[PDB]
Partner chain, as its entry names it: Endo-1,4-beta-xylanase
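First, one chain by itself in structure tokens, the form solved without the partner chain.
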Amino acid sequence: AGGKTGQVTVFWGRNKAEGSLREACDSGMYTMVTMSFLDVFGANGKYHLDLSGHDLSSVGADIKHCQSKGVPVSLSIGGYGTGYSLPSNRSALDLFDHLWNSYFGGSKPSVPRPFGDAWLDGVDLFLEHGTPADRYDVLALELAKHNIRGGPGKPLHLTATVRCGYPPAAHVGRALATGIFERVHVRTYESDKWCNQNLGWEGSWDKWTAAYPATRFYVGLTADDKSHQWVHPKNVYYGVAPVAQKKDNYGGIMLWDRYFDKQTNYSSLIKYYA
């Protein structure tokens, strides 16, 4: 069966007033912070990082300070907009290159590094919008070549943040079929009919976990207490976490997000149940 992992991933970047990346990390409430989002990328040199007017000139030192304290940091790409696509293999390698030379281990004169010498610990795929022509499989396999242990590099935690619905959209399914996704956060907190905490998530959870046995699965919850998909901490301890911990490839809990977590200290109670 295999249960508690003590792992809590929290998203960050969706509102400046949620406080810095270093403040998140020093809360001692999260084992991984996923910055959010690289909301533009495609068949051109156009890339954009949206951190919602967040203090950019803090995050680089905070990444390193996070890593020292045992909290790795990844960057999620995509989001809820339609300003991104990856419609070719060449589009995917350009994405890798940009990611790599901007935020990871690469260094090229013609490519700036917003976070200085800080070197990120992973990439997340938040792919609300896409088509079957997308080549996130190409991105994923290249990223996986840089998930390094015992050599000149560091671990890269490759993940996908997906809608509750199984089976996933083609562009997500195509990437996941590479087999080398470390973790998948299933989001159970959206207003999606037939697939959220109020109705459908246990069934979605059953199929997801079975389809990718080599991948860890995080149950994705909202920390906004005013959402109808919010689950009281009591019911997490008693219902959500036990159910999800039935499956062998349970990895932990994902929380959307740091802004709403500061509003209700959801993780305080939740971290003991993860």
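Shifts are known only where both forms have a C-alpha. Superpose the two forms; the largest set of C-alphas matching within 1.5 Å is the rigid core. Residue numbers count along the first chain shown, from 1.
A summary of the deposited B-factors shows that, of 237-245 and 217-225, the stretch with the larger mean C-alpha value is 237-245. Of the two stretches examined, 262-270 and 249-257, the record assigns the greater average C-alpha temperature factor to 262-270. Among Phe181, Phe96, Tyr166, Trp194, the highest C-alpha B-factor in the deposited entry belongs to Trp194. Comparing C-alpha B-factors across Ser74, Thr161, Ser85, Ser107 in the deposited entry, the largest value falls on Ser107.
The PDB entry assigns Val138 a C-alpha temperature factor belonging to the lowest third of its chain's modelled residues. Annotation for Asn89: C-alpha temperature factor in the highest third relative to the rest of the modelled chain, per the entry. Per the PDB record, residue ranking by Cα B-factor puts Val111 in the highest third of the chain. When the CA B factors of the chain's modelled residues are split into thirds, the value for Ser36 lands in the lowest one. Among the modelled residues of the chain, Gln67 sits in the lowest third by CA temperature factor in this PDB entry.
Keep in mind that the form deposited with the partner chain bound is missing from the display, and what follows is about it.
Taken together, the three residues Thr31, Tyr80 and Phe126 all stay farther than 4.5 Å from the partner chain in the deposited bound form, as judged by their closest heavy atom.
When contacts are judged by a 4.5 Å heavy atom cut-off, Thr159 does not count as touching the partner chain in the deposited bound form. Taking non-hydrogen atoms only, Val111 never approaches the partner chain to within 4.5 angstroms in the deposited bound form. Contact check for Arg90: every heavy atom lies farther than 4.5 Å from the partner chain in the deposited bound form. Although the partner is absent here, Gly60 lies well away from the partner chain in the deposited bound form, with no heavy atom inside 4.5 Å. Partner contact region in the deposited bound form: 186-194, out of 96-104, 82-90, 186-194, 165-173, criterion any non-hydrogen atom within 4.5 Å of the partner chain. Applying a 4.5 Å heavy atom cutoff to the partner chain in the deposited bound form picks out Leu269, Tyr272, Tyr273 from 245-274, in order along the sequence. Once both forms are fitted on their rigid core, the CA atom of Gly150 lies 2 Å or more apart between the shown form and the other one. After fitting on the rigid core, only one stretch of 3+ residues whose CA atoms all move by 2 angstroms or more between the shown form and the other one is found, at 149-152.
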